[PDB]
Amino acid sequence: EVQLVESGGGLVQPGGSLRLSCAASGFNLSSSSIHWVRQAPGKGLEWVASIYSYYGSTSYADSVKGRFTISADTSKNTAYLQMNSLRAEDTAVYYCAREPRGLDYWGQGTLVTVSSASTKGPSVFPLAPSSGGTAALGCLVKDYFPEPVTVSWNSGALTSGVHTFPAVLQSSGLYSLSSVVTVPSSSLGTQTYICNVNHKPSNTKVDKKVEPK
């Protein structure tokens, strides 16, 4: 198989520096060029750089020239992207990818978050539901940084009707998202509904049981 394993993402302040790695396996990147492509939440793809180690050629996206540097380590079969003078616009998920001759293979992606706000575990607040017909309920995952946080219900026992929404950045600088479930309201009197929340950056794991008014 051909695999590309990325690392070196995470947090850093505006103007700070961060070095990503993309370790190649199954081939030798001297026969290959490796590309880096990023993407901000909900928007399109943007190529940022290219290196052809066997021709010593480098290329950088205009909005990146003079601040990033792409390297390749023969001995370890690893390409790097040394990012510096980082700005709040660089916050994206970065993919390393390999290229009569297309990017056939893509890495896992690694999240990069530039901002002053430091890491913070989420807060969980119940959205209490109203015998009966249809009942709605959820948990508000608020004031956490950086992304991501992932929500499950009854450790995956409840899946039908559940809608976990994308997080949104607030004026504060922290994220918040919602996860809800629509169930029959005849269940609320007896059945328990538990919101499971996971935040590895702060290694927070939480269960919030939600009960009616």
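Numbers follow the displayed sequence, beginning with 1.
A.B. asks: With residue 101 and residue 102 adjacent in the shown sequence, let me know how many deposited residues between them lack coordinates: none, 1 to 3, 4 to 9, or 10 or more.
C.D. replies: Just 1 to 3 residues are missing between them.
A.B. asks: Please classify the unmodelled stretch of the deposited sequence between residue 130 and residue 131: none, 1 to 3, 4 to 9, or 10 or more residues.
C.D. replies: Per the deposited record, the segment joining residue 130 and residue 131 lacks coordinates for 4 to 9 residues.
A.B. asks: Which is higher in the entry, the mean Cα B factor of 65 to 73 or that of 36 to 44?
C.D. replies: Result: 65 to 73.
A.B. asks: Would you mind comparing 196 to 204 and 8 to 16 for me and telling me which has the higher average C-alpha temperature factor in the entry?
C.D. replies: Result of the comparison: 8 to 16.
A.B. asks: Which one of 108, 123, 91, 118 shows the top CA temperature factor in the record?
C.D. replies: By C-alpha B-factor in the record, 108 ranks first.
A.B. asks: In this PDB entry, which of 182, 154, 59, 53 has the top CA B-factor?
C.D. replies: 154 has the highest C-alpha B-factor of those listed.
A.B. asks: Which third, lowest, middle or highest, does the C-alpha temperature factor of residue 150 belong to within its own chain?
C.D. replies: Its C-alpha B-factor, which the entry lists for residue 150, ranks in the middle third among residues of this chain.
A.B. asks: Hey, what third does residue 166 fall into on Cα B-factor, ranked over its chain?
C.D. replies: Middle third by C-alpha B-factor.
A.B. asks: Among all modelled residues of this chain, ranked by Cα B factor, put residue 174 in the bottom, middle or top third, i.e. lowest, middle or highest.
C.D. replies: It falls in the middle third of the chain.
A.B. asks: Would you check the entry's CA temperature factor for residue 190 and let me know if it's in the chain's lowest, middle or highest third?
C.D. replies: Highest third.
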